[PDB]
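> model this:
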Amino acid sequence: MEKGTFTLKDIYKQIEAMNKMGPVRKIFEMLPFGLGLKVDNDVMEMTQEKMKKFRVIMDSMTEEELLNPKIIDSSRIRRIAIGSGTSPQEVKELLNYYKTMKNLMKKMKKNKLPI
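Numbers count the residues shown, from 1 in each chain. The coordinates are given below.
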């Protein structure tokens, strides 16, 4: 139905906690010219914190889409991944995360007693 018990749009907002977005003035305070294995970030994009790219796709995908995950449109997510900069594969695992939810079935409290 229109409601899917706490849709996933409620999950992406929880990651907003981290972002560090606000380059006002003096982003860094002086730096050593002899950097080592600290990061060495280069022109090639790199990945690390999964939560960092989690929020980005939150404003990409359509809320209507979040309400109905079963509507996985391979074409719609294609363009969307480009907007987020990641890819459909990273969104496929994201849904696969709720697969883990099936693991909940190991506990499946429910009731198991209609009468």
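
> Could you give me the buried positions within stretch 55-68?
55, 57-58, 60-61, 65-66 (16 or more other C-beta atoms under 10 Å). (C-beta placed from N, C-alpha, C; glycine too.)

> Now do the helices in this structure.
Applying DSSP state H to the chain gives helices spanning 9-15, 50-60, 63-67, 74-84, 88-104.

> Which one, of the ones you listed, ends up nearest to residue 40?
Of all the helices of the chain, helix 50-60 sits nearest to residue 40, with 18.2 Å by C-beta to C-beta.

> Just the CA trace of the closest one, in CSV.
The C-alpha atoms that make up helix 50-60 are tabulated as CSV, following Å, rounded to 0.1, in the frame of the first residue of the first chain:
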residue,chain,number,x,y,z
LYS,A,50,29.6,4.2,3.3
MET,A,51,27.5,6.7,5.3
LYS,A,52,29.1,9.6,3.4
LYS,A,53,27.7,8.5,0.1
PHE,A,54,24.4,7.4,1.8
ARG,A,55,23.0,10.9,2.2
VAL,A,56,24.0,12.0,-1.3
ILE,A,57,21.6,9.4,-3.0
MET,A,58,18.9,10.5,-0.4
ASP,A,59,18.3,13.8,-2.4
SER,A,60,18.8,12.0,-5.7
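
> And the contacts of that helix?
Contacts with helix 50-60, where a contact means C-beta atoms under 8 Å, 6 or more residues apart in numbering, come from 9, 12-13, 15-16, 18-19, 47, 80-81, 83-86, 90-91, 94.

> So for the chain, the centremost residue is which one?
residue 54 (2.3 Å; C-alpha atoms, centre = their mean).

> Find the nearest non-adjacent residue to residue 3, please.
Among residues not flanking residue 3 along the chain, residue 67 sits closest, at 7.8 Å (C-beta to C-beta, 6 or more residues apart in numbering).

> is it true that that neighbour touches residue 5?
No - using C-beta atoms under 8 Å, residue 67 is not in contact with residue 5, being 11.1 Å away.

> Cool, thanks, talk later.
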